[PDB]
Amino acid sequence: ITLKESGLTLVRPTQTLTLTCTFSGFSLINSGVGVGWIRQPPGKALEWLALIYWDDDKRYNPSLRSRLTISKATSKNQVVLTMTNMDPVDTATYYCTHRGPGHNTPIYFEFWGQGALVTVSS
Amino acid sequence: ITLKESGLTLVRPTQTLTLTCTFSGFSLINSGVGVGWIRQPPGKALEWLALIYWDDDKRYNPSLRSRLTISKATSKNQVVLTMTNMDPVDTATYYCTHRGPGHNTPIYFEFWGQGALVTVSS
Amino acid sequence: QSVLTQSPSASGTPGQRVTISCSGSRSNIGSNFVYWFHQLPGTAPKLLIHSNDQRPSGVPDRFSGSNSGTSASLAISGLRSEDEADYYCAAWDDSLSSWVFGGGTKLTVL
Amino acid sequence: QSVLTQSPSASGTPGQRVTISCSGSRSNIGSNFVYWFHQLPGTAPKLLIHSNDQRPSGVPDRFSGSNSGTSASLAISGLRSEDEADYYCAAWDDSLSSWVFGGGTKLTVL
Amino acid sequence: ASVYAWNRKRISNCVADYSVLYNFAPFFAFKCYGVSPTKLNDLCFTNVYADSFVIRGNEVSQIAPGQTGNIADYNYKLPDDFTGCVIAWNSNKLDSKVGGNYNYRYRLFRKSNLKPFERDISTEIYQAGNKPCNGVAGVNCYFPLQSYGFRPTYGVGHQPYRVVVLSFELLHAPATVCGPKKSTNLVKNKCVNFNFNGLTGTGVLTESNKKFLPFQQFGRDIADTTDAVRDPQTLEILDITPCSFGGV
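Chains as they are written, first to last, in the numbering used here: chain A, 1361 to 1482; chain B, 1361 to 1482; chain C, 58 to 167; chain D, 58 to 167; chain E, -8 to 239.
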């Protein structure tokens, strides 16, 4: 099971970020499966961004709500994240993660992408 | 519970001492039980020689180590003590004593033998 | 209440057992499952214990987790030299309705 | 350090209480049990008090023991004429790893 | 025995009597999982194991299902589906030598935790970051077993306790061991309710005159009416006749 993020890594402030996690080994049509996004500043603790279940239940981080849009393209086996109004504090690494079933409870963040360092500057 | 010492009481210097404590009322196979030896010069204080627990832990007096060998003969319900290179300063009385269990802590030297005056001269 | 707090350093020594604490609140850690991650530098983290006591397949036995009321603990047995890395808490907070994480602990063996 | 020291004489008088001291060191009397024996002329000794406060079955009540730091005391009440004999200390010294004894006290009643 | 090499024993084909345990000691620890101690003396099991060993004071709490510790992790583990009882009592009277009893040892280092009811005795030198030294000191290269060091002055938290664990089994049991089934003195010539080795009925008992063969225990007249029975204690044959009844 593999995930990988991609997109533009450098953007000026006040612009929007788009990222696409392409995966292989699971489909967002089975039961259970869902995909989320998690960012981490350089040298800080983790932070949770957004999540999208298989029946399209788009849970969001409230403090970052009103800024984020996550959507799926199941045919292409890929998920898209978008965040408007970038600022210099949002320079961070963004991982795309997976939640599938376990043995008596759902597993969360069992598998990770490999990150995509995003710098916001000029 | 009874103990009794026996052996040769008089020996010249540069010879070896042998003593045999035959006992009755306890066995060196139970837990707790142990047997020891204590010598006392004429008109002086006591001195500890050796000790042998039920699991065969042959503790010795360090300063008198390299000279002493204590062993048990459980089949005959008797213990043998041996000390080589006797000298006139080793003239004393030798008691064989018993260490059994108490009520919250092991008892030591509760019962004594009757001594065996040992003279080292010519 | 809404942020988990971990002590920053553990500092064991090989073949020893150490514990890492995590204090939460009545609302997130005391009424939800507690995850436990680990991230050597320059690498995505990797799950160690989900559901407070279960290990994803591929983790040695020596890692154990525990949740009790409003507290959490990770027990590492057989401390080794390949375990000096960051350890993170994770729990879902109903009052904030989001996943929250802790600070992290160093855990450098001697 | 490696030898317990007792006063050679006690010298009470009938129906009186007398004390016998026993000085040890940080290594033996302050960290082990203190025994107290009583040897009469021409006879093997006889236990009086083990574990600093317990009496083997068959010793009168008047004998009392006390341990304090690195010193030891035996308390005899109702002093009588049948008690003039030698009294010895004994304790295990971890530093020497052997049993060690004291000098002895006279305790002659008048 | 020492805890890392505990000693199992089997008990079967007996009339187990549990009324001897209480008279042993004040029983610093006596707790039972899956059974009650007072209702213990009447049920029957297939095979009863007894596991005895010696541990420290503050570790008696580890002998319980699902507890991770150090002796319940490396040298004695019992299942989460346990059924039996544990009994531990302080025995500082008999195990504490002056100067230290370095005869009770325990496993301190192991590669992985052990399966329930598993015992290991090998005393091989433990692994280190790099290839171990050789039963000697080094960067790690430690040695597994460690002594205890019991002394008479230690607190009641580091004093030696003797502990014995009883394990039962109950499934599809051609039962081998139950409790004692107490009996009562015989009454003759009176309408009495009787229970002879399972045969229950009522009637007056009278001395018999018929010769039972030595392997027979019951007697029947025509139409299955139990007419006679032999006493299971003294083997005398006894006659059964129903006490008087009739219409008025």
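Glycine is no exception: its CB is placed at the ideal position from the N, C-alpha and C atoms.
{"Query": "Cβ neighbour criterion (16 or more within 10 Å) applied to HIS163(E)", "Result": "exposed"}
{"Query": "Which residues DSSP lists as bridging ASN184(E), in chain order", "Result": "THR193(E)"}
{"Query": "Entirely enclosed beta strand (DSSP E) segments - the stretch 80 to 141 of chain C, minimum 3 residues", "Result": "91 to 93, 120 to 125, 128 to 133"}
{"Query": "Extent of the continuous beta strand (DSSP E) run through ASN(-2)(E)", "Result": "-2 to 2"}
{"Query": "Exposure label - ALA1433(A); buried when at least 16 CB within 10 Å", "Result": "exposed"}
{"Query": "Through-space distance from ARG83(D) to residue 290(E), alpha-carbon basis", "Result": "Past the boundaries of the shown model lies residue 290(E); chain E is included only from -8 to 239, so the question cannot be answered."}
{"Query": "Assumed close pair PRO65(D), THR162(D) - CB separation to whole angstroms, cut-off 8 Å", "Result": "7 Å"}
{"Query": "Within chain D, the residues that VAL147(E) reaches when beta carbons sit closer than 9 Å", "Result": "None at all; the shortest Cβ gap to chain D is about 14 Å."}
{"Query": "Test item: CB-CB of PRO1461(B) and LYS88(E) under 9 Å", "Result": "no"}
{"Query": "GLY189(E) beta carbon less than 9 Å from that of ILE231(E)", "Result": "no"}
{"Query": "3-residue-minimum beta strand (DSSP E) runs that sit fully inside the stretch 142 to 166 of chain D, ordered along the chain", "Result": "143 to 150, 155 to 158"}
{"Query": "Separation of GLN137(E) from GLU1470(B), as counted between CA atoms", "Result": "33 Å"}
{"Query": "Any C-beta of chain D under 9 Å from that of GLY90(E)", "Result": "yes"}
{"Query": "7 Å Cβ cut-off: residues of chain B touching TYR145(D)", "Result": "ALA1405, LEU1406"}
{"Query": "Cβ of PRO1461(B) within 9 Å of any chain E Cβ", "Result": "yes"}
{"Query": "For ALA1405(A) and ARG1399(A), the rounded distance between their alpha carbons", "Result": "9 Å"}
{"Query": "Three or more C-beta pairs below 8 Å linking the stretch 1423 to 1439 of chain A and the stretch 75 to 95 of chain C", "Result": "no"}
{"Query": "Below-9 Å beta-carbon distance, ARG1372(B) vs any chain E residue", "Result": "no"}
{"Query": "9 Å Cβ cutoff, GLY160(D) in contact with chain H", "Result": "Structure shown: chain H not included; protein chains present are A, B, C, D and E."}
{"Query": "Under 8 Å by beta carbon: chain E residues contacting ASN85(D)", "Result": "Those do not exist, as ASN85(D) stays about 11 Å from chain E at its closest Cβ, beyond 8 Å."}
{"Query": "Identity of the residues DSSP links to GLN1400(B) by a beta bridge", "Result": "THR1453(B)"}
{"Query": "Distance between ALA219(E) and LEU229(E) (C-alpha atoms, nearest Å)", "Result": "6 Å"}
{"Query": "Euclidean distance between Cα positions of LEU104(D) and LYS84(E)", "Result": "18 Å"}
{"Query": "Buried versus exposed call for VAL239(E) [16 or more other C-beta atoms within 10 Å across all chains shown]", "Result": "exposed"}
{"Query": "Span of the alpha helix (DSSP H) around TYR65(E)", "Result": "62 to 65"}
{"Query": "Near-chain C residues of the stretch 104 to 123 of chain E - C-beta to any C-beta below 8 Å", "Result": "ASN104, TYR117, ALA119, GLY120"}
{"Query": "Boundaries (first-last residue) of the beta strand (DSSP E) holding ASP86(E)", "Result": "Counting along the chain, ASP86(E) falls outside any beta strand (DSSP E), though it belongs to the alpha helix (DSSP H) covering 83 to 86."}
{"Query": "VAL130(E) - DSSP class collapsed to helix/strand/coil", "Result": "coil"}
{"Query": "Separation of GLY72(C) from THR1376(A), as counted between CA atoms", "Result": "50 Å"}
{"Query": "Coil, strand or helix - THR175(E) by DSSP", "Result": "coil"}
{"Query": "C-beta neighbour in chain D for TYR1468(B), strict 9 Å", "Result": "yes"}
{"Query": "Alpha carbon of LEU153(C) to alpha carbon of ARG1425(A), nearest angstrom", "Result": "12 Å"}
{"Query": "Cα-Cα separation between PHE203(E) and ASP222(E), rounded to whole angstroms", "Result": "12 Å"}
{"Query": "Beta-carbon neighbours of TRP156(D), restricted to chain B and to distances below 7 Å", "Result": "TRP1408"}
{"Query": "Beta carbon of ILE1361(A) nearer than 9 Å to that of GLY1385(A)", "Result": "yes"}
{"Query": "Sequence-distant residues of its chain with Cβ nearer than 6 Å to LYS0(E) (five each side left out)", "Result": "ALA41"}
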